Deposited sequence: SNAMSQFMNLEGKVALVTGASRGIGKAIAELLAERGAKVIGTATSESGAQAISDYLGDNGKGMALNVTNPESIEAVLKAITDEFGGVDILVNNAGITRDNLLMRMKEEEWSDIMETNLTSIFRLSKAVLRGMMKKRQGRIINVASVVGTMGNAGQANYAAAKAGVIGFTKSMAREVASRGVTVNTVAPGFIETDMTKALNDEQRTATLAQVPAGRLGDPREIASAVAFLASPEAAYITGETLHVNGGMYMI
């Protein structure tokens, strides 16, 4: 699809981390519907294969461990070799958890440090090309995400790369009166759908969002 030039991502290579279910999957599917060549990531090969299956001719799945440089490097080389340089990066990977030191580093590595590494690694080629999109999906330690987006955006704005945050509210995931209590904080009176997170990411990924950078776009039913 993308029968028109409006919001058309044909020719774009999109790397979406954590794409096996929920928001990540919804993101990967829509970027594909819009004509992107999509590479979604999972921690395992079988998870990667399941991503390949739902992407078909519109992309594929790859195993990535966002906390390991070697894996990042090997995943980028394989993407570049087969599809061309990454144009759109969606940092969606994360795990939602007293803990031990090692367990907390692991939580920071996965949810924040990975964002830094992946972003830095795709920026090389984006900035040489003077064209790129980085979108950080962050509503635990994901609160540092907005600060990082604003700093990186200010630094790379002049070379045609945008960096934005999409911040979900309560979204219906795979996971009785705790739902009632959840819904009481949302002025709209319903949970979001993963597809609504994807829409926002897809809009920001488009050629038409070229003058939006440093922005936090909240998708939360007014929760604000």
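### Task
Could you sort out which parts of the deposited sequence are absent from the coordinates (no C-alpha) and give them as ranges from 1?
Missing from the model are residues 1, 99-103, 146-159, 196-200, 250-251.
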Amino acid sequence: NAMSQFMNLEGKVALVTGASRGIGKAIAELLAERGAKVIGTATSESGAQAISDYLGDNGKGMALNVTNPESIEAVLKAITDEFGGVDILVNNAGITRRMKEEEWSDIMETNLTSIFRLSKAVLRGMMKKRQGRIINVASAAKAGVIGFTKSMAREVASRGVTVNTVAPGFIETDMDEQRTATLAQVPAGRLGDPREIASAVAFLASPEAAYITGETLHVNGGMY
From here on, numbers count along this sequence of modelled residues.
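### Query
Which wins on mean Cα temperature factor, 189-197 or 176-184?
Looking at the recorded C-alpha B-factors, 176-184 comes out higher on average.
#### Entry: Given 157-165 and 49-57, the range whose Cα B-factors average higher in the PDB entry
It is 49-57 that shows the higher mean C-alpha B-factor.
### Query
Per the entry, which of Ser105, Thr80, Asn136, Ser119 tops the list for Cα B factor?
Among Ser105, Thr80, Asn136, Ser119, the highest C-alpha B-factor in the entry belongs to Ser105.
### Chain-wide C-alpha B factor ranking for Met152, given as lowest, middle or highest third
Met152: CA B-factor falls in the middle third of its chain.
### Message
Where does the C-alpha B-factor of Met223 rank in its chain, lowest, middle or highest third?
### Response
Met223: CA B-factor falls in the highest third of its chain.
### Task
Consider only the C-alpha atoms of the modelled residues in this chain, order them by B-factor as the entry records it, and name the third containing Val90: lowest, middle or highest.
CA B-factor rank for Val90: lowest third.
### Query
Compared with the other modelled residues in the chain, in which third is the CA B-factor of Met7?
Within its chain, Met7 is a middle-third residue by C-alpha B-factor, going by the deposited values.
### Query
Can you tell me which third, lowest, middle or highest, the CA B-factor of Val75 falls into for its chain?
Middle third - that is where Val75 ends up once the chain's C-alpha B-factors are sorted.
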